[PDB]
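The next block holds one structure in the form of C-alpha cells; read it before the comments.
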Ligand SMILES: [Zn+2]
Ligand SMILES: [Zn+2]
Ligand SMILES: [Zn+2]
Ligand SMILES: [Zn+2]
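In this note's numbering, the protein residues as written are 163 to 344.
In C-alpha cells:
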C-alpha cells in the first residue's frame, strides 16, 4: 500500500470564465423621461401662453442622490428608480457610470469593482483576476500566473510540477517541504 501523503501537482491552467452578467443585476435604463412639462424648467416664464403659474410641488419624487426632483429629457432609470447622469457615479471609484450601474450595501457601486472587490482575485497582490483568462488555482483558491512560485526556489510551477500547499497559503515543492518543516 503505497499511498502518497497530502500532496498535489500543478495542472492545466483555467478560470471561472463568467465576467458576471448584465441580465443579473438591474442595469441603468436609458429612456426619455416624461418630465418635460412639470414645474418651471425652461428659463424665464414665457413661450406659448405668456404668464403661467407653477410654485412648489410637494409629494414629488426627488432625483436619486439629489435634493430636488428630475425635470430633464434623457434619464437613467436604475435600482428601481430614476438616477441622474452625474448622480449615478460609484460612491467609491467616483468614476463616470454612463453605461451601467450596480447596488449593494445600501450604496450604488459599479460592475468593474464588483468583480474584483466583490468577486474573485489573486491571493497574493489582491489583483482582480480576469473573467475567463488562463491561470492555475491552488486547490480551492485562485492565484496569479506570475506570483505563482516557491517559498525557496522562488520559481513558478507549471503543469506537472509538484507543489505543496501550506496552511498559510504557500507553495512549496517536495524537497522544500521537509527542509521547510516536515
Ligand atoms: Zn440628481
Ligand atoms: Zn466602483
Ligand atoms: Zn498576484
Ligand atoms: Zn521549491
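Cβ atoms here follow ideal geometry from the backbone N, Cα and C, with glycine treated the same way.
>> Measuring straight from C-alpha to C-alpha, what distance separates residue 183 and residue 223?
In response: 30 Å
- Message: Report the start-end ranges of each beta strand (DSSP E) in the region 167-230 that is 3 residues or longer and not cut off at the edges.
- Response: 191-194
What does the alpha-carbon distance come out to for the pair residue 217 and residue 185? 41 Å
Check your understanding: Which term fits residue 273, buried or exposed, when burial requires 16 or more other beta carbons within 10 angstroms of its beta carbon?
Key -> buried
Compute the distance between the beta-carbons of residue 306 and residue 287, then report whether it is under 8 Å. yes
### Task
Report all residues from its chain with a CB closer than 7 Å to the CB of residue 207; omit the five preceding and five following residues, and keep chain order.
213, 214
By the three-class DSSP mapping on this structure, what secondary structure does residue 277 have? helix
(request) In angstroms with no decimal places, state the Cα-to-Cα distance between residue 165 and residue 339. (result) 17 Å
query = In three-state DSSP terms, what is residue 248?
reply = coil
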